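One-based numbering, in listed order, for ligands and for the atoms of each. Here is the naming used below: chain letters follow the sequence lines, and residue numbers restart at 1 for every chain.
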Amino acid sequence: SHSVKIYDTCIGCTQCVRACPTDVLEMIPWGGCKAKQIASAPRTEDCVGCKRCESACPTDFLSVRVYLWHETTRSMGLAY
Amino acid sequence: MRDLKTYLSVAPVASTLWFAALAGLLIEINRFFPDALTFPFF
Amino acid sequence: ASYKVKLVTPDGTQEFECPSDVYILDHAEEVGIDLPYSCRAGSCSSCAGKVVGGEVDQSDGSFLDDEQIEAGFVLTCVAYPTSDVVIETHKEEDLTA
Amino acid sequence: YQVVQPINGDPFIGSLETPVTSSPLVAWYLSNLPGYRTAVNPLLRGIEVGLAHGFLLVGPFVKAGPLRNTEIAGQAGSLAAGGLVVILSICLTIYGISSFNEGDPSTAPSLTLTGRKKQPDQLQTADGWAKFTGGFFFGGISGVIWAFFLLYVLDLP
Amino acid sequence: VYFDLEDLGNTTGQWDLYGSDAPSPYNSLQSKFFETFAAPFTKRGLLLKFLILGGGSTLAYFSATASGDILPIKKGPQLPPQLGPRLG
Amino acid sequence: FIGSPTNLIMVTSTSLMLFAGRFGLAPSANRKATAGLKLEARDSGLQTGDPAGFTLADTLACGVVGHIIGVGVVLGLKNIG
Amino acid sequence: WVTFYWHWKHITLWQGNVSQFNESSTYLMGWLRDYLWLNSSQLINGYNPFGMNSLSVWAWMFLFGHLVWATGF
Amino acid sequence: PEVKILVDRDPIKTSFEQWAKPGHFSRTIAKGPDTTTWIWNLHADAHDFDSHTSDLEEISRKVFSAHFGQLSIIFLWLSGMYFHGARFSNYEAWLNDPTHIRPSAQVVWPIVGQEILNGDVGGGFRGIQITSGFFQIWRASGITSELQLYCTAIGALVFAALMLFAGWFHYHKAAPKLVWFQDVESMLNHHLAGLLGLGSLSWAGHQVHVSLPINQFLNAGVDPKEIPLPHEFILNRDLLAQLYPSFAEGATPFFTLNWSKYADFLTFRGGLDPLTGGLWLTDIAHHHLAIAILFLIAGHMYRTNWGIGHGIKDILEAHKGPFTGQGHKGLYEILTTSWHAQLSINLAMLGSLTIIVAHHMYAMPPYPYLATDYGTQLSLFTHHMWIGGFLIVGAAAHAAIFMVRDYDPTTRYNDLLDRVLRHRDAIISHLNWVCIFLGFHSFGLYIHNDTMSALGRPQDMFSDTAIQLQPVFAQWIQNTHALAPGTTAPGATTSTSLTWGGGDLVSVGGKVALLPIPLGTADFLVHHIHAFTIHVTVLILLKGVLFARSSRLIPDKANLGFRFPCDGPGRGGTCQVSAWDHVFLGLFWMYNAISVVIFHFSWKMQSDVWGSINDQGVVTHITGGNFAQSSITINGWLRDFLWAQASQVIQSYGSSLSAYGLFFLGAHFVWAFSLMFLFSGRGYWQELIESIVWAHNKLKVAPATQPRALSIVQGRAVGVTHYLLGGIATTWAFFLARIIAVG
Ligand code: CLA
Ligand code: CLA
Ligand code: CLA
Ligand code: CLA
Ligand SMILES: CC1=C(/C=C/C(C)=C/C=C\C(C)=C\C=C\C=C(C)\C=C\C=C(C)\C=C\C2=C(C)CCCC2(C)C)C(C)(C)CCC1
Ligand code: SF4
Ligand code: FES
């Protein structure tokens, strides 16, 4: 299972959650930004590691990060 | 006509003209002073 | 130049003056009619809105459908108001569908 | 009318039905082969296997090997086929060793083509696979021996 | 409708498409013979160690005592050797 | 050329093909053959005056066909006997 | 580059033909023709339709190296 | 329903304002550059019409006028060829003695010593020997003076200006609408009966009146200046009736149906002309007559406006059976709404046609004095093989584009496409297997042979002397083609080609034009190598097409486009899943297959076909005939073909062939230069550009359009482009230097 971490520079634009192809991410309420929103990653046992979320984040530097880690059946994307 | 003057200054055309003129200049120099290995003047 | 802007909003409809070389959002920032934004960079849908009249410069707009700029929606933070416009605010989800 | 149908009416299994995979002649034939005789002792099936394949593997090693024209050594090249039988039965043994354990049931399917339960095919055991291994190997070496026994001139020696 | 939580194997397709489950067609005099004589080669460790060491035995044997008609490596050279570009 | 030689052959060939095309028995401008078995009806829009709906396009087509078929069998018969 | 330099210089010196290197080394066609092509004949004749000699193992190996290399691509 | 002209007036206005605003076509480029990446995108998307807009009418208008532009360019290139033949050539002297003067239509100025490239090509002339075979065409045309070449150069220039004007006109003033383009029945009727029928009829006419008599006079020995002008043959007809008595009756037979009386100049001979080494002109004229008749009839199949004809939809809907469901229903709607489907079919057919042209033109030489001009024959075969391969690969590219951007079962459903999509797994499985099996049994034989030849065991080889693999069917077929004239073709005298056999050999000027080509074990091995390479190329391209929309690995691939780098390093890594990457990979394998094809043909022709014959009649081939015994190992290809024939090009420094020696080395350089783009990635390059940019910033000399490294896809594309250029140019220099040097 890969690791996905959210950092407090997040502006809560939700662009990363819209992009995930396996539904790893989620929005949760917060108080540190104008959107009162922050991303979370509750379901990292399904993450294929495509970094489609990182291409979508606009902050500099990134607010979502994907660290590739130990591989499994779901992580490798095997249908057999 | 002004648009043509602008277009003629776009990068590929400008470089094309610049280098064609430079080529003519070096070609004519070498046609006048052929086979130069040194500066034979001073 | 500095055409008058009109923004329907749950707070009401207010006008402010502001030159054409500017983005709408910082100009509603000037006079102080609060609007919703997240990015300020044209890469999300929080500053979304649609138009009542005229049309707004969307040259430096991105992350939009090859249509979102031909059937009404606009991002307020990357938009130049070429005319005396009349626009909508808080328009993300009926854009989000 | 159409000829290709989803496998047993289920159109979401990754296969199809054709005149190649589900045809009465092909079905009956493939059914009456050793590997598909589920209700039979593993060793008998293995015997059929080893017989047929030693006999088949005789020919090529003889008619193509390095001493094909030297016939003070041309015919006795059945040594080679015996060695090949030995090697792939060693491979059978290590495959069965790694794929199974005696204290575990046989992984074969328990359902049949119509939805009735079957007693799982015992060839997929550890025990019965070792039995089938012995059968195949016995058959292979003695089939090499048999097709070397027929050295009498026929049409092409 | 091909989804039944009770029977899972029919939903995921665990059929034997070519198995038979018919009685033995090799009448017992023939089967009798084979399963009598072909038994001692039916243990895993037994068969493996025996096969390995017997194959090695036959290979070392037939390798140490192969004749010249077989292997030119054995018949040796039959000619006087040349000299190299200088040496030899 | 006219007398009793190629004349007879080609004339009767093109004449029978025109006679076919005018009446039924043959695909035509107002007749659409389905698969070589039977013919349907169709008003091509092109106006004619012949009572059987015989267009000039139809006449041209069947005339060309008569000439092709006559040239064929003439050359055959005069190449074999 | 280094070992090509060393080997060409030395092979022309060992043959008493130093002028060959001194004349052909100043343009790259010289390196291609007078070093690579010229010194390849015996190796590639190691085996041929008319027989083999003791260079055979190198003629074979030469080709092995060309194969492995290409598989790396 | 009915067919008519449909046009709009003044759709776009001629202006310069859009020239000064780069990237007007795409909204993203129009905005202007921030980084250098912009400049690349501007060129990559320049002709992607259906991506600049959504409207089919606009795409078709653009395509039509772009075609006019291409035709104008081709006419300008033809104008140049004819003008250079007229002005800077030795064509007249070559016309006087064709088997001694080697053709040349390009001279160079004496600027830096380069005048050494003006070599002695014979006839009091010094220049560059050409290999396009234009002199042979101009002789087969009847051209005998440079004034006719001037005239055709001027006519081609006029036609080029005309094409350019029509290109402007149909886009800016009279632009046809979509319903005009979408009428395929009338289009096919015109191209079948009007372009190809009338074209070859008119050409048969020219051969009957100009080429045939002027070539009769030339082969009789008459001085090329004392031959009458062509138009004389038309004014005075007794001139024609002297050479062909049948021209006295003059169209009375063609009506009296006694076509027999034309047997004078419309023959069915077969074989070559033993004076010039080409096909009989009396055969070619008769051929063109027959082809024109066939096409003129075939251009009357489809219904346009008068009922009679065939509806394409009806034909397609009629075909279906119990294995294919409803097949062909729904292909007319597809083949009339996507340009990419049409382009794929058209590219496939044109590439295959070009390869067939290569084979037929070597085997039955059409022009006079072409068969003994070895350099021209090699050049033509090789050129056309390369063109065919490239077009076939483009076919796959545009099939993939159709699958990603246009296929849509919601509004245009076809059954056959759906069924192929539903068993693509089995398809790709079986093709994969057959390529592995074919690769083991052809290259493996070579490896066996090399190892048996190096182990001092030649009696264990796969060859004509030890273990024979004779292609029985090929030998059987060419034996049937040998016995054909007189038995299954009573109307023919000689058989179609001299390669079939019969013991007939044709010579010209002491050179060998043609003779029977022998098939043996080596031919068997080479052909199975060829089957292997073609199967592999097909596997790669078809895998790219069939899985362009989705996979078990990436189930929504169509949403990422047709040309994307990857879908990230996850799932194990997904570099090069797009169909563009499959085209990129298939280009290398096409290069491999075509290269082996041209090597096989080049070695075989010199070894068993080309050479010199003696008055006593003993043929000495260019190479000694060593293809039968040295082609069966890899060492024989490296030794007896590459090393032994590169001698001509590595020894051209100082001669007039030294340009080939320079291009040999330049092409090696460009090839090795591409490996840098192919083996690396852009992260390294952007990080190096960072430090270089720092250095520029230190001196207030840093540019405002921020420099970036190339794209991932651009890196791949630059790599394959330089790889292909380097390799093909190396073989070009090798071939031309070698063939020109020996002869
Ligand atoms: C590195 C060690 C090695 C050795 C010692 C050999 C030795 C031999 N090879 Mg071989 N080879 C090797 C590596 C080796 N190979 C590799 C790596 C490859 C892959 C490229 C090949 C591919 C190869 C091929 C394709 C062929 C050979 C053949 C042969 C035999 C040719 C001489 C002969 O005719 O004998 C005498 C003839 C015999 C039939 C002797 C048979 C040997 C005994 C009787 C077999 C008994 C086996 C035994 C039951 C158990 C097997 C091994 C066990 C000890 C584990 C010879 C015994 C040829 C051959 O003869 O085929 C068999 C031949 O066809 N080799
Ligand atoms: C010389 C270099 C080289 C070689 C040998 C291969 C070989 C192969 N390529 Mg490849 N390829 C290459 C370069 C090469 N490629 C390059 C540079 C590219 C970049 C464009 C590609 C891109 C490419 C693609 C995209 C594909 C392939 C495919 C294939 C496989 C085709 C199937 C086949 O023919 O099986 C036969 C195997 C061979 C012919 C190799 C030689 C066989 C040897 C001689 C047998 C010897 C066995 C030996 C005894 C082993 C025992 C030794 C012991 C010590 C262990 C094949 C294994 C295709 C594929 O996978 O097909 C399914 C595939 O689609 N290639
Ligand atoms: C007898 C009628 C005829 C003829 C000869 C042609 C010929 C041609 N067509 Mg065309 N076409 C026709 C009817 C015809 N068409 C009809 C009825 C339609 C649909 C209504 C189309 C629709 C069509 C399309 C969509 C396209 C073509 C294209 C082409 C060119 C194909 C490429 C080629 O082979 O170049 C061969 C080159 C030559 C033969 C050089 C000589 C060029 C001559 C002068 C062509 C003149 C023929 C033309 C019909 C003249 C009419 C113009 C007139 C009003 C002044 C070719 C010249 C392609 C094209 O336009 O390329 C620009 C293409 O895109 N055609
Ligand atoms: C009738 C032929 C034909 C036509 C009309 C098209 C048309 C099109 N193709 Mg296509 N294609 C073809 C043949 C054709 N292709 C063939 C034969 C191949 C196989 C190689 C391909 C493979 C292909 C691919 C992979 C792609 C296209 C794409 C496209 C579209 C955009 C092309 C573009 O503007 O890029 C811009 C053109 C350039 C940047 C010019 C490139 C210059 C090349 C690389 C240099 C060649 C070197 C030169 C020959 C000699 C060296 C000179 C130098 C030393 C000075 C366009 C609709 C693209 C697409 O997305 O489709 C929607 C796409 O990516 N094609
Ligand atoms: C109306 C009328 C009528 C009728 C008439 C008729 C019946 C007519 C007809 C008809 C006709 C009069 C026809 C014609 C025809 C023909 C055609 C139409 C043709 C052609 C041609 C062509 C085109 C050909 C070509 C070719 C081919 C195809 C092949 C070979 C080569 C050639 C060139 C030969 C009546 C008397 C009743 C009444 C009164 C009037
Ligand atoms: S960025 Fe490059 S290396 Fe990484 S997954 Fe994509 S293509 Fe592969
Ligand atoms: S904040 Fe999201 S677009 Fe301006």
Side-chain angles (χ1 to χ4, degrees), chain A residues 11-15 34-35 58, chain C residues 23-26 35-49 61-64 74-79 92, chain F residues 10-11 13-15 17-19 21-22 48-50 54 56 58-72 75, chain H residues 3-6 60-61 63-72 74-75 78 156 159-160 162-163 165-167 169-170 174 176 179-199 201-202 254-255 257 259 289-290 292-294 296-297 299-300 304 339 342 346:
Chain A
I11 49 140
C13 69
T14 66
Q15 285 329 290
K34 189 163 182 65
Chain C
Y23 302 124
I24 308 155
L25 190 60
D26 316 56
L35 299 180
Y37 73 77
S38 211
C39 61
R40 310 209 66 128
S43 297
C44 94
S45 302
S46 323
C47 45
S62 40
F63 180 66
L64 253 70
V74 70
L75 294 185
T76 69
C77 76
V78 303
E92 166 177 44
Chain F
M10 281 282 279
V11 158
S13 178
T14 182
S15 211
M17 193 70 199
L18 287 157
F19 161 82
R22 200 264 191 177
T48 165
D50 169 78
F54 206 24
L56 192 49
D58 215 90
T59 326
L60 288 183
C62 295
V64 195
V65 153
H67 279 46
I68 290 153
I69 198 156
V71 153
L75 290 195
Chain H
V3 178
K4 70 183 86 190
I5 293 159
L6 291 153
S60 314
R61 273 158 197 191
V63 165
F64 199 45
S65 185
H67 291 182
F68 277 118
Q70 168 71 97
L71 288 192
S72 161
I74 284 173
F75 270 128
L78 285 186
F159 253 96
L162 278 179
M163 281 316 168
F165 171 90
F169 180 74
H170 279 317
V179 173
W180 185 84
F181 292 99
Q182 265 172 346
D183 193 2
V184 289
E185 274 98 4
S186 154
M187 218 177 132
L188 273 156
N189 273 7
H190 290 85
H191 290 179
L192 280 176
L195 175 62
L196 304 161
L198 286 199
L201 191 85
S202 64
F254 175 81
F255 293 109
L257 263 48
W259 295 5
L289 196 37
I293 291 326
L294 175 80
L296 279 153
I297 298 158
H300 297 73
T304 57
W339 282 94
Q342 284 292 342
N346 292 0

Within this structure, what is the [atom1]-[atom2] distance for the pair [X] and [Y], rounded to the nearest 0.5 Å?
{"X": "C:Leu75", "Y": "C:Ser43", "atom1": "CG", "atom2": "OG", "result": "9.0 Å"}
{"X": "F:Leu60", "Y": "H:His300", "atom1": "CG", "atom2": "NE2", "result": "10.0 Å"}
{"X": "F:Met17", "Y": "F:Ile68", "atom1": "CE", "atom2": "CD1", "result": "10.0 Å"}
{"X": "H:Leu162", "Y": "H:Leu71", "atom1": "CG", "atom2": "CG", "result": "12.0 Å"}
{"X": "A:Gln15", "Y": "C:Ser46", "atom1": "CD", "atom2": "OG", "result": "7.5 Å"}
{"X": "H:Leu192", "Y": "H:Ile297", "atom1": "CG", "atom2": "CD1", "result": "12.0 Å"}

What is the total of protein N/O/S atoms that are closer to atom 2 (Fe) of ligand 7 than 2.8 Å?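 Near atom 2 (Fe) of ligand 7, the number of protein N, O or S atoms below 2.8 Å is 2.
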Checking the side chain of [X] only, and the main-chain atoms of [Y] only, is there a donor and an acceptor separated by less than 3.5 Å?
{"X": "H:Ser65", "Y": "H:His170", "answer": "no"}
{"X": "H:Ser202", "Y": "H:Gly199", "answer": "yes"}
{"X": "C:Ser38", "Y": "A:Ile11", "answer": "yes"}

Can you tell me the protein heavy atom closest to [atom] and the distance?
{"atom": "atom 16 (C) of ligand 5", "answer": "F:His67 CE1, 3.3 Å"}
{"atom": "atom 30 (C) of ligand 5", "answer": "H:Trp259 CH2, 4.2 Å"}
{"atom": "atom 33 (C) of ligand 5", "answer": "H:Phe254 CZ, 4.0 Å"}
{"atom": "atom 17 (C) of ligand 5", "answer": "F:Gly63 C, 3.5 Å"}
{"atom": "atom 27 (C) of ligand 5", "answer": "F:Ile68 CG1, 4.3 Å"}
{"atom": "atom 31 (C) of ligand 5", "answer": "H:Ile293 CD1, 4.2 Å"}

Under a 4.0 Å heavy-atom cut-off, which residues neighbour ligand 3?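 Around ligand 3, where the cutoff is 4.0 Å for heavy atoms, the contacting residues are H:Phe64, H:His67, H:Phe68, H:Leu71, H:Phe75, H:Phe159, H:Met163, H:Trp180, H:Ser186, H:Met187, H:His190, H:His191, H:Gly194, H:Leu195.
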Would you mind telling me if ligand 5 is within reach of the side chain of F:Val64, the backbone, both or neither, using heavy atoms under 4.0 Å?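 Both backbone and side chain.
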Specify side chain, backbone, both or neither for F:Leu18, according to which of its non-hydrogen atoms lie closer than 4.0 Å to ligand 5.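 The answer is the side chain of F:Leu18.
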I'd like to know whether CZ of H:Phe64 has more than 12 heavy-atom contacts from other residues, nucleotides or ligands below 6.0 angstrom. yes
Tell me whether the count of non-hydrogen atoms from other residues, nucleotides or ligands lying under 6.0 Å of CD1 in F:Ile69 goes above 12. no
My question is simple, although I want it checked carefully: is [atom] less than 4.0 angstrom from any protein heavy atom?
{"atom": "atom 39 (C) of ligand 5", "value": "no"}
{"atom": "atom 10 (C) of ligand 5", "value": "yes"}
{"atom": "atom 14 (C) of ligand 5", "value": "no"}

Mutual orientation of the aromatic rings belonging to H:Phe169 and H:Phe165 [parallel < 30°, tilted 30-60°, perpendicular > 60°]: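 Correct class here is parallel.
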Describe, in one word, how the ring planes of H:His67 and H:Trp339 are oriented to each other, choosing from parallel (under 30°), tilted (30 to 60°) and perpendicular (over 60°). perpendicular
Provide the number and element of each atom of ligand 5 under 4.0 Å from a heavy atom of F:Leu60.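 Near F:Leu60, the atoms of ligand 5 are 18 (C).
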Quick one, H:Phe181 and H:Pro176 - any side-chain contact, counting heavy atoms below 4.5 Å?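 SC-SC contact between H:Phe181 and H:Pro176 confirmed.
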SB check C:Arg40 C:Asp26 (cutoff 4.0 Å):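 Here C:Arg40 pairs with C:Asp26 in a salt bridge, since their nearest N and O are under 4.0 Å apart.
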